[PDB]
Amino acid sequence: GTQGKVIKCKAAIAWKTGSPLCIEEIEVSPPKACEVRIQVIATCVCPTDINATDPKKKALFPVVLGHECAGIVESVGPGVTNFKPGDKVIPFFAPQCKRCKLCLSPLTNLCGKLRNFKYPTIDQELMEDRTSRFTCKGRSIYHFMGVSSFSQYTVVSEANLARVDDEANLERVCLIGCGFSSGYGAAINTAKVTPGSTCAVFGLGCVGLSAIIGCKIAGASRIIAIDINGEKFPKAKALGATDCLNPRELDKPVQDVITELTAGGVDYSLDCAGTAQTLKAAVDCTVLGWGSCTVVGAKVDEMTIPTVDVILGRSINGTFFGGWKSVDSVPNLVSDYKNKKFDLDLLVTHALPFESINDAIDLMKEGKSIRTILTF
């Protein structure tokens, strides 16, 4: 684990699609220029990781999945000075090189670092110099979304991580790595929820729940939580939801129930589920004139919206990592948590050994968990 030397450690590898992850012993090369090798302390399983193991979806194999985590810097490549061994950090799929047009713009959190703009899931599958830091059984392993946290040690670009509070609880702040930040920021930054406004959140998993926390912090007077899984309602309400609706138990489309309940629709809707149903419902349930729909989750490649709807005032946009300038914002979210601005503990339903990663996956696929904290 010493600097400059290759590290051998446990990691979950997906040798191919539609298969369960395999606990292997891999070789993690040392960081090259502008890279940082991190000791992953805690990591969660995000549906996007599972999505990668879906035969119906495009992906690269073999690969070290995982991208939501927190850890400690083990070593930094040549020329790196903003990071040093011992620092607590949180990597993320959304880079912020701070040295490009996109990074300079206050209108986006995208970065010129990103290359693929049609399949973000298969981008950042290798380091800058198009090579991998991972090796297992003489084979080269693909990185995932610039993070690959399903390994006790991973190497990431400097543009893909932030140093956080020295006293940050790595087993909770790891949620800031993707899930929490994405939903929280979708409400605050992308949808731009305003005080006294009404909101609708579709999908009550970690993202949807964080979106609710965000709407609450933003001052929404009413937050309608929608999910086909009634179990998700208690946690939703505990986080600020004022109304809960299960499309499965309604005789009318859920968007028409929301419209009636609010006498015209909500000011802001956030789809944190992403199905054909939710995407359409998320747009329909907003008020005409100024209704705003924000796409957060997306299980489908397209959404179809009537021309008359946009003409009559409905707007549609979407988020990428909650609209946060990652490097600058992540440290702030960690501080907000330290100051108890929101409670990340309510997002953790399970905590298993890394070896039990496949069980963490099943729990999620089965919708029996929000987030499962995996530790090595």
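Counting begins at 1, following the sequence as shown.
Legend: mean Cα B-factor per stretch from the PDB entry, 48-56 versus 338-346; the higher mean is in 48-56.
The question of which stretch, 169-177 or 140-148, has the higher mean Cα B factor is settled in favour of 140-148. In the deposited coordinates, the residue among 92, 268, 290, 119 with the greatest CA B-factor is 119. Per the PDB record, 135 has a higher Cα B-factor than any other of 182, 135, 189, 194.
Ranked within its chain, residue 99 lands in the middle third, by CA B factor from the PDB record. Among the modelled residues of its chain, residue 40 has a C-alpha B-factor that falls in the middle third, as given in the PDB entry. In the deposited entry, the Cα temperature factor of residue 65 sits in the middle third of values across the chain's modelled residues.
Residue 26 sits in the highest third of its chain by CA B factor, as recorded in the PDB entry. Residue 163 sits in the lowest third of its chain by CA B factor, as recorded in the PDB entry.
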